[PDB]
Every structure is written in C-alpha cells, then in structure tokens.
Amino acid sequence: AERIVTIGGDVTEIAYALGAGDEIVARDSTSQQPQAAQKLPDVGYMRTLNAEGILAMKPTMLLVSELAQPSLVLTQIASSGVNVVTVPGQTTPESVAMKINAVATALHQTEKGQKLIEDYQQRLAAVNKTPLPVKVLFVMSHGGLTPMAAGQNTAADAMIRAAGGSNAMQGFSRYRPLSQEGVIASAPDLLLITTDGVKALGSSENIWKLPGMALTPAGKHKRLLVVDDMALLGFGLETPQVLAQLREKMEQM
C-alpha cells in the first residue's frame, strides 16, 4: 500500500534485495540494479533533484541517499507529508551495513536486513586486504570537464585501500586536475576508471593521452581496470565482488 521512490543506486538495490520491489514506483538515474529498476520512471539525477519530479509519482515514502542534492528538495518533500528516510552515504565498507539497516528499518524488514548484513559481512571479510605494493590512480572525468585525479576522502581511495592497494595520489583530499608532472610523480601501476569516465573521454585509448599518463608504469603497459560507476563507487551490496576483482587485478601484476 506504500509507494516508494528510491534515490541512489545503492539504496534502490538494497530495497529490492529486501523484497520491496512491488512497492517501488520510481528511482533516480544512478539506479540501474537490479534490471527491474531500469523499467521504472526516472525522477532525475541524484545530485540534481527537483521536487516536482518526485512528487509527480505520488510517493508515500522517499528512501534517499545522504548524497542526494540539493538538500532543499528533501525538505520540500518532507513538508508535503512524504516520509523521507535518509540512508547513510559514507563511502566505507562499514557503511554498507548501516545502509542496509536504514532501509530494513524503514521497510519493517529488520530480520531480513540482519541476514543481508551477516552475508555482506562474511563476503567482505573473505577479500584479502593485506597490503600489496601496487599504486592505483583513479581518474574521474566528464563530457568535457577537465579530467581529475582522486585523492583521499573519496570513494575511490576507500576502495583502493580496502583491496590492499595504495592510492598513487597522496596528500590532498577530493579531486584535482591532472597535471603531467603530478601524474608522472604519482607513478601508478594501474589506472582505474569508470564506464562513464571512459564515455566522457570518448574511448579507452584517450586515457593514454591524458597528462603524463603515457610516462607511468600503467601507461607503459596500458594497464587498466574499467568498472561500472555505481558498482565501483556506490558502496552497495556488490562492494565485496568489486574489491575482490580489484585485488585480483593488483595481484596478477
């Protein structure tokens, strides 16, 4: 009897996993999993929401990532009588269980949430996170906006560390434009990028034309790992599988 709008691909996938599929009426553009979600109306991008697009779906509940913007839109939706449930957005392996908890509590499925958490925790524990001497550079890019490198306090940094690797970029937080000297000094062994990042550059071969990139170990061997954006950076249920693959890629080298 509820009508749920879910915002954040991590959140949507969790809500489906807890059995709420029948009640989900719309989602945001970052929500493409499971495949059923793709058939639902799309209310806008998580970071550029508008109230009308959500209210048009006549929701009773909005399950929304803390990463959603603008915050004013959430306030407007709550004022309209919709139950707005914020889901934690911390980009850490500990955070996934808190996300499951938040959604399970809202859906009155605490028991199923506890089981999903137990499973996630065991899958995460099984990934080898012991340090490996491999440096990874993550590049974030847009359709025409300057390509950037991720430093600390980013989702990409957290994933690299959780797989036992080292971020090639050190000493700054969030993102900085790529420079030839900084990229060369960072000397990454592996280039990590999302599918949308490749789309913005046009092709994978354009990665190797970025500043300094051809003059790094990664560039010398065109060593790369391209991952779906929400799987790589979203900190959802598939986080252990992504970490296991990142670990394997670092090991094979």
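All residue numbers refer to positions in the sequence shown, first residue = 1.
As the entry records it, the average C-alpha temperature factor is higher for 74 to 82, out of 177 to 185 and 74 to 82. As the entry records it, the average C-alpha temperature factor is higher for 110 to 118, out of 93 to 101 and 110 to 118. The residue among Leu191, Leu210, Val64, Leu40 whose C-alpha atom has the highest B-factor in the PDB entry is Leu40.
Of the candidates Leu201, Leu49, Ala218, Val226, it is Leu49 whose Cα B-factor is highest according to the PDB record. The entry lists a Cα temperature factor for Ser141 that places it in the highest third of the chain's modelled residues.
Split the chain's modelled residues into thirds by C-alpha temperature factor. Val134 is in the middle one.
Per the PDB record, residue ranking by Cα B-factor puts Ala20 in the highest third of the chain. Sort the chain's modelled residues by C-alpha temperature factor and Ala214 lands in the lowest third, per the entry. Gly165: CA B factor lies in the middle third for its chain, per the PDB record.
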